[PDB]
Amino acid sequence: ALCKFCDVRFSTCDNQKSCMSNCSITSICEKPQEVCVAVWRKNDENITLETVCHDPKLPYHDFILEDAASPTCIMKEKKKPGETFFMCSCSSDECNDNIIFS
């Protein structure tokens, strides 16, 4: 897969059904089994969006990417203290460039 791969960046994504990553780095994932991932995080100081390639047989941020076969990145909330944490994964080109909350 080709994925957005900006790692963690500041984001203005908030209060809307979907957001573009605004990441200008598209990479070919190193291994064929890797999928695209996005992580949206809001704490009391800022909002960030993380975009990477990742092998779904390996945990990421201590979670398994259960949705890796999906073609779209549908954000789901994870239990994390101190912040609001949403993650999605997907296996179509640049699919982590469009993160969907609805």
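Residues numbered from 1 in each chain as written, not as in the entry; some residues may be left out. Heavy atoms only, no water.

As annotated in the PDB entry, the protein carries the name TGF-beta receptor type-2 and comes from Homo sapiens.

(A) Here's a closer look at the sheet that holds strand β7 (residues 73-74). Spatial strand order, β3-β10-β7: three strands in an open sheet with mixed pairing. The sheet terminates laterally at β3 (18-20) and β7, the two strands that pair on one side only. When β7 meets strand β10 (residues 98-100), the two strands line up parallel, connected through two bridges. Paired with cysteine 73 across the two strands is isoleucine 99, which belongs to β10. (Pairing = 2+ DSSP bridges. Helix = DSSP H or I, 4+ residues; strand = E, 2+ residues; numbered from the N terminus.)

(B) Spatial organisation of the nonpolar core. Counting 17 residues, the largest nonpolar core has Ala38, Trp40, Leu49, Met75, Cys88 and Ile99 as its most contacted members. Those elements that place two or more of their residues in this core are β5 (35-42), β6 (47-54) and β9 (84-90). When sequence neighbours within four positions are dropped, the list of residues in contact with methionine 75 reads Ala38, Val39, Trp40, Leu49, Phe86, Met87, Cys88, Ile99, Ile100 and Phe101. (Core = buried A, V, L, I, M, F, W, Y, C linked by side-chain atoms within 4.5 Å. Buried < 20%, exposed > 50% of the residue type's maximum accessible area, 1.4 Å probe, protein only. Contact = heavy atoms within 4.5 Å.)

(C) Structural detail: the UniProt feature "disulfide bond" in the protein. Between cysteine 29 and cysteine 53, where UniProt places a disulfide bridge, the two sulfur atoms sit 2.1 Å from each other, close enough for the bridge to exist in this structure. Remark: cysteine 53 occurs in strand β6 and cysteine 29 occurs in the loop between β4 (26-28) and β5; sequence separation between them is 24 residues. One exposure class covers both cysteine 29 and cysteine 53, and it is buried. A sulfur-sulfur distance of 2.0 Å is found between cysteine 90 and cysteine 95, whose disulfide is recorded in UniProt, and that is short enough to count the bridge as formed. Note on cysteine 90: relative accessible area 0%, which makes it buried. Relative accessible area serves as the criterion here: at 7%, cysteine 95 is assigned to the buried category. (Disulfide = S-S within 2.5 Å. UniProt positions renumbered as here; feature names shortened; annotations may be inferred.)

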